[PDB]
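Visitor: Here's a structure for you.
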Amino acid sequence: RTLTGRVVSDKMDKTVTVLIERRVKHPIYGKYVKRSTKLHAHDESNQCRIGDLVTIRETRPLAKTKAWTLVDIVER
Amino acid sequence: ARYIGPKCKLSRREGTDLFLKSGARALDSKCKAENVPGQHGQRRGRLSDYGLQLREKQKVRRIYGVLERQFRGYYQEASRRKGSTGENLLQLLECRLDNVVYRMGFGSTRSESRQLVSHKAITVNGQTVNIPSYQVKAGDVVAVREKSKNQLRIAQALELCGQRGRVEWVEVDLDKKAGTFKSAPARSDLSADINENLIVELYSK
Amino acid sequence: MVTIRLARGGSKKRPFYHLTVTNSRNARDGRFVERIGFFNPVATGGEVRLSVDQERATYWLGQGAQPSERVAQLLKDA
Amino acid sequence: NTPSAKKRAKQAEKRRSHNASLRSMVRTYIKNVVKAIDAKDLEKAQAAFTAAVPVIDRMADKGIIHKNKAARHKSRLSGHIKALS
RNA sequence: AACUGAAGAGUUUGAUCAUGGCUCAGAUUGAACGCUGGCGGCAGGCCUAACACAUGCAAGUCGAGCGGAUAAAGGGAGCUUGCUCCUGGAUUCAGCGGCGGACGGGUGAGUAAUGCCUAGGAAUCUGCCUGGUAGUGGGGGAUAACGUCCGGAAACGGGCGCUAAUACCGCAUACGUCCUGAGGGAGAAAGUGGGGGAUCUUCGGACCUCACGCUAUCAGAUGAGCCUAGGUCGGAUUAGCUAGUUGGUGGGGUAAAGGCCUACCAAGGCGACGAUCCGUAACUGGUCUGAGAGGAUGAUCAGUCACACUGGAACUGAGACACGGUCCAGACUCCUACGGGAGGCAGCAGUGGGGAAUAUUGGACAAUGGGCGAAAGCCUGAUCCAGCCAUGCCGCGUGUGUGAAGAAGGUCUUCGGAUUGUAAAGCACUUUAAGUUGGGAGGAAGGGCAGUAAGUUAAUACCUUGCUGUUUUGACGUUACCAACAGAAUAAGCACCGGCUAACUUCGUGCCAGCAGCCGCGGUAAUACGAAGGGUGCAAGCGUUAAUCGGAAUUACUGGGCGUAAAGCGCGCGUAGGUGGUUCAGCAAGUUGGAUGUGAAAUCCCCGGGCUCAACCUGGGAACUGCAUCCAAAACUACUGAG
Ligand SMILES: [Mg+2]
Ligand SMILES: [Mg+2]
Ligand SMILES: [Mg+2]
Ligand SMILES: [Mg+2]
Ligand SMILES: [Mg+2]
Ligand SMILES: [Mg+2]
Ligand SMILES: [Mg+2]
Ligand SMILES: [Mg+2]
């Protein structure tokens, strides 16, 4: 289990925010829409930029509404 | 619920022989089957298109003696089985016990065979059956109970088997009165006056 | 505790039991862990009275399943 | 009612009063250590820590506090004595 | 084992084609009502006031935990038929304790969310069960009962005096446990019962053995608590919402991660992919229609959640913030000596009330199950069974044959007849169900007692286990089922008949009364109103009303439209978003194929098997369209690199 998204926020302290896109299909009209997903990955070293491409995985909860962490930065 | 009442009058509307009266005396002498019953037995003209399908369904339903709650129950078991619901609807009416007593020839009417079953006088596998709905299988040795083998209702009816012949899927023994249902009938021993393509179409709409 | 006991299915005056393994504080007809056989007292003709499978009964009885009074004999008479 | 619920009613205060004595005694031997930390006392807290470990653990196997709760005070209070060195 | 259906009609007009509404034919319900009414199987029965409740009963059990008081048989003596006392003691239960009342039964008020489904994972707990491992050493102080005093209308409360335990508390020891930094430090226990070779001794006892119980701990199952991701009704004439609010740090707190809590720090967080707010509603496996796609809907059965007169709150405990527990506040009934008390049928019956509308103050513990004791036994309004109600599905009767002078009798008529009609009558047979009499299984596994053989042992003493022998047990119950007797006797309605639509003529009535699902009939000849004959549909039922889905290609994904029938913004530019010319190369996110884990059981479907058949019950398979993890393929789309 390993996801991938891009960063939109650096405002908080040791906390980053990703967007994970997703193509689900519509159940009756047979068309693939795009619907988003927005998590709070636990940053660890205050070193990611707005516009990166990072990789997350799931741990036990660290604060509330923050259970995902940072694996590694893939590309700028 | 049976049908108790006049019995030429059913044969007199549909306009056929229909084999309801018992003896071989005469059709259209006890009956006078020339006309539609009732007062206005002379006026006729243009049976409706729905009325033709109901007239075919009511004909088959009065040869055998079912009612419609039972008759639609046979129609469900026809559409369950594989292929040719018209033929399957007939072969569930042939395997019924009151028909096979009539085919062996243990009665004059078909309604007489219903009464001989109903008074426990008929056995199927060596044990008593008194239900006029028992679906018999291939190879069931229908025999007559020994307490009533001396009834003249059965003895006289075997001379009424002379105007009938054997239907060539049974065999009857005129000494011990123990018939044997050999196999299922085919779609050649049944008369072509009944139609398997009007009753099926009636139960759609 | 877990236990091996008999359910009850069928009409009036014609029972048909089921060898189930259940947690003890459940209903009769409620939930169960799994089912392993049946028991038909009024079996006649081609019907089979006892139909226990010895594989899962080897498994559960080695882990503290606790049988009933009738099941004390039905596993015995196999 | 029953003559059996009225027995479990009388048998509740005889344990409520009994457990409260065994429960509050634990907390007095813990507040003696914590009030001795705040005055920056190295050997005063060390004496209180010694004669309060047997009081907590003897009240643990009686079944008053749970055994993982007694495992929690002993870890943290050691972490404040090594911070006075 | 794998498996198939799809119908139209009437109505806008002098008439026609089209667009478009409306209405009917179908299958269904926890149904209600009107007319009528023989039977048996299998089912179901407060959908409204979660509105109040008279009276019965629904969770207790252990004397192989310990006091105490009842004291049998019997051992008796004595005295003269009976008492006296004595001796043992079997019973028996108010009290302390161990367990259990957190399971089983009930109801749908609340909640638009992580409640409930599906897929995952990490930070924990778990009495009774199973497998192990190490034990089960000694000691003390109180307490109810019972005494006795005092107070209270009671419901009860208070004091002094006495005794016991597997109650309670120190002390001793301890891994294979906790904390610690290695080093070191800390913590437990309970005994009763059956026997007995030897020996100490009052085999009071020690003693050995067995059964049981208890204390640490690891593992397994079982149950439980948490977190993530997704899906989850209508309203945009609801567009901004939020300061433990959103993160960080330090400290607390809980079995367990966390603003769970607190102190400072920082100014964030969510929102048009619909936040917030309003309105309603318990969800799910499934049921009902449909050819299918879908559409409605969550009665009985099963899983999960939420409540127990209203609002709070914790204790006890393995596990409750607890339906027959505790405390408080309130409302409402009742008691009282006026001081004070008592109670909670959304357990099974039942009453009142509401309403179109919904059942007996039953029978038992025999079965399956639970609780305690394993020693039998004891409790059980959950269960298993009966009673009531055409409330539904499935089955069977209400006779069968012969019989034309074609009888009366009825209705109609061109007056000739036709029709009711072989239908009756007459004649010959038959007796299921109901009635009556006799017979009669299966649901029964055990328990007691006795005997015997195995292994426990120091002792085949006890006890456990095979087996033998003997004895005992059913609410249902007059059982299903079988035989005999009576005699055709015991047993048919309901709507409709102008068109859709199967089936028709006379008589009253005359724009009156009346009919009606739509078209619409009735003004003096009505096949439409009211009757009478006749006839057609269904039957132990038939009709109307209410309510869903079909037909409706009438919200059109499968499957429609926009020149004039309703329907193209007055025209531009443009953000989010949707779609992408052409060559290679890469990649594998879509896509196809396969494997594994899952998708509870039931239900539906297929092949069988049992009840005289069927409904009903039941064995094996398919299916549950899903989601996740792996393996491969590379045409097309996406992404990447070059043109
Ligand atoms: Mg359709
Ligand atoms: Mg009640
Ligand atoms: Mg018996
Ligand atoms: Mg009669
Ligand atoms: Mg009329
Ligand atoms: Mg449609
Ligand atoms: Mg533009
Ligand atoms: Mg299933």
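Chains as they are written, first to last, in the deposited numbering: chain q, 9 to 84; chain d, 2 to 206; chain p, 1 to 78; chain t, 3 to 87. Ideal placement from N, C-alpha and C gives every residue a C-beta, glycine not left out.
Looking at the unbroken beta strand (DSSP E) that takes in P69 (chain q), where does it start and where does it end?
Guide: First-last of the beta strand (DSSP E) with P69 (chain q): 61-71.
Visitor: At which residue ranges does the segment 99-160 of chain d contain complete alpha helix (DSSP H) runs of 4 or more residues, listed in the order of the chain?
Guide: The qualifying runs are 111-119, 153-158.
Visitor: How should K74 (chain q) be labelled, buried or exposed, when 16 other C-beta atoms within 10 angstroms of its C-beta is the threshold for buried?
Guide: Buried.
Visitor: Three Cβ pairs or more, each shorter than 8 angstroms: is that satisfied between the segment 10-21 of chain q and the segment 57-68 of chain q?
Guide: At 8 angstroms Cβ cutoff, the stretches touch.
Visitor: Relative to the C-alpha of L19 (chain p), which candidate in p:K13, p:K12, p:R28 has its C-alpha closest?
Guide: For the residues p:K13, p:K12, p:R28, the minimum Cα distance to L19 (chain p) belongs to p:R28.
Visitor: Considering only C-alpha positions, which residue in the set p:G37, p:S68, p:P67 is nearest to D53 (chain p)?
Guide: It is p:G37.
Visitor: Look up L61 (chain p) in the DSSP assignment and say whether it is helix, strand or coil.
Guide: Here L61 (chain p) sits in helix by DSSP.
Visitor: Just to confirm, is the Cβ distance from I4 (chain p) to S51 (chain p) under 8 angstroms?
Guide: The answer is no: Cβ separation not under 8 angstroms.
Visitor: With DSSP as the reference, label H18 (chain p) as helix, strand or coil.
Guide: Looking at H18 (chain p) - three-state DSSP - the assignment turns out to be coil, as it is neither helix nor strand.
Visitor: Considering only their Cβ atoms, is the gap separating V143 (chain d) from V125 (chain d) smaller than 8 angstroms?
Guide: In contact: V125 (chain d) and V143 (chain d) (Cβ atoms closer than 8 angstroms).
Visitor: Got a sec, what are the start and stop residues for the alpha helix (DSSP H) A38 (chain t) sits in?
Guide: From DSSP, the alpha helix (DSSP H) with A38 (chain t) extends over 7-39.
Visitor: Looking at the strands, I want to know which residues DSSP matches up with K33 (chain q).
Guide: Answer is q:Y40.
Visitor: Just to confirm my understanding: we take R84 (chain q), look at its own chain, exclude 5 residues before and 5 after, and list those with CB closer than 7 angstroms. What are they?
Guide: Cβ neighbours of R84 (chain q) beyond the five flanking positions: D60.
Visitor: Determine the DSSP secondary structure at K74 (chain q), reduced to helix, strand or coil.
Guide: Of the three classes helix, strand and coil, the one that applies to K74 (chain q) here is strand, per DSSP.
Visitor: What distance in whole Å lies between the Cβ atoms of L117 (chain d) and residue 1 (chain d), which are believed to be in contact at a cut-off of 8 angstroms?
Guide: In the structure as shown, chain d begins at 2 and stops at 206. Residue 1 (chain d) is therefore absent and cannot be evaluated.
Visitor: Where does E47 (chain p) fall in DSSP's three states?
Guide: Reduced to three states, the DSSP call for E47 (chain p) is coil.
Visitor: Leaving out five residues before and five after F72 (chain d) in sequence, what residues of the same chain have Cβ atoms less than 7 angstroms from its Cβ?
Guide: Counting only Cβ-Cβ distances below 7 angstroms, and skipping sequence neighbours, we find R62.
Visitor: Touch check for the segment 9-22 of chain d and the segment 47-67 of chain d: three-plus C-beta pairs under 8 angstroms?
Guide: Taking 8 angstroms as the limit for Cβ pairs, the verdict is that the segment 47-67 of chain d does touch the segment 9-22 of chain d.
Visitor: Take the Cβ of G66 (chain d) as the centre, count every other Cβ of all protein chains shown within 10 Å, and call the residue buried at 16 or more, exposed below.
Guide: By the neighbour-count rule (16 or more Cβ atoms within 10 Å), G66 (chain d) is buried.
Visitor: Considering just the uninterrupted stretch of the beta strand (DSSP E) at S77 (chain t), what are its terminal residues?
Guide: First-last for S77 (chain t): 69-83, but that is the alpha helix (DSSP H), not the beta strand (DSSP E).
Visitor: Have a look at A79 (chain d) and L90 (chain d) and give me their C-alpha separation to the nearest angstrom.
Guide: So the two alpha carbons sit approximately 5 angstroms from each other.
Visitor: Name the two residues that bound the continuous alpha helix (DSSP H) containing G74 (chain d).
Guide: 69-81 is the extent of the alpha helix (DSSP H) around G74 (chain d).
Visitor: Whole-angstrom Cβ separation of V102 (chain d) and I123 (chain d), contact assumed at under 8 angstroms?
Guide: Indeed, because the Cβ distance is near 6 angstroms, the residues count as touching under 8 angstroms.
Visitor: Is it right to say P186 (chain d) is buried, meaning 16 or more other beta carbons lie within 10 angstroms of its own, or is it exposed?
Guide: It is buried - the Cβ of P186 (chain d) has at least 16 other Cβ atoms within 10 Å.
Visitor: For the alpha helix (DSSP H) holding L11 (chain q), just list the boundary residues, first then last.
Guide: That residue, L11 (chain q), is in no alpha helix (DSSP H); its beta strand (DSSP E) goes 11-17.
Visitor: Would you mind stating whether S184 (chain d) and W170 (chain d) have Cβ atoms separated by less than 8 angstroms?
Guide: It is a contact, given that the beta carbons lie within the stated cut-off.
Visitor: Can you tell which of q:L27, q:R68, q:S53 has its C-alpha closest to the C-alpha of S44 (chain q)?
Guide: Checked all of q:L27, q:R68, q:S53; the closest Cα to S44 (chain q) is q:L27.
Visitor: Express the C-alpha separation of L86 (chain t) and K37 (chain t) in angstroms, rounding to a whole number.
Guide: Spanning the two alpha carbons is a distance of roughly 14 angstroms.
Visitor: Do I64 (chain d) and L19 (chain d) come within 8 angstroms of each other at the CB atom, strictly closer than that value?
Guide: Going by C-beta atoms, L19 (chain d) is nearer than 8 angstroms to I64 (chain d).
Visitor: Beta strand (DSSP E) containing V61 (chain d): first to last residue?
Guide: Segment 50-65 is the alpha helix (DSSP H) holding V61 (chain d); no beta strand (DSSP E) there.
Visitor: Am I right that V35 (chain t) and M61 (chain t) are in contact with their C-beta atoms under 8 angstroms? What's the rounded C-beta distance?
Guide: The pair is not a contact, with the Cβ atoms about 15 angstroms apart (cut-off 8 angstroms).
Visitor: Return the Cβ separation of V2 (chain p) and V21 (chain p) in integer angstroms, given the expectation that the two are a contact with Cβ distance under 8 angstroms.
Guide: Rounded, the Cβ-Cβ distance is 6 angstroms, consistent with contact.
Visitor: For residue 87 (chain p), report the span of its beta strand (DSSP E) as first-last.
Guide: Lying outside 1 to 78, the shown extent of chain p, residue 87 (chain p) is not represented and no answer is given.
Visitor: Could you pull out every residue in the same chain whose Cβ sits closer than 6 angstroms to the Cβ of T181 (chain d), ignoring the five residues on either side in sequence?
Guide: Only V142, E172 meet the Cβ criterion.
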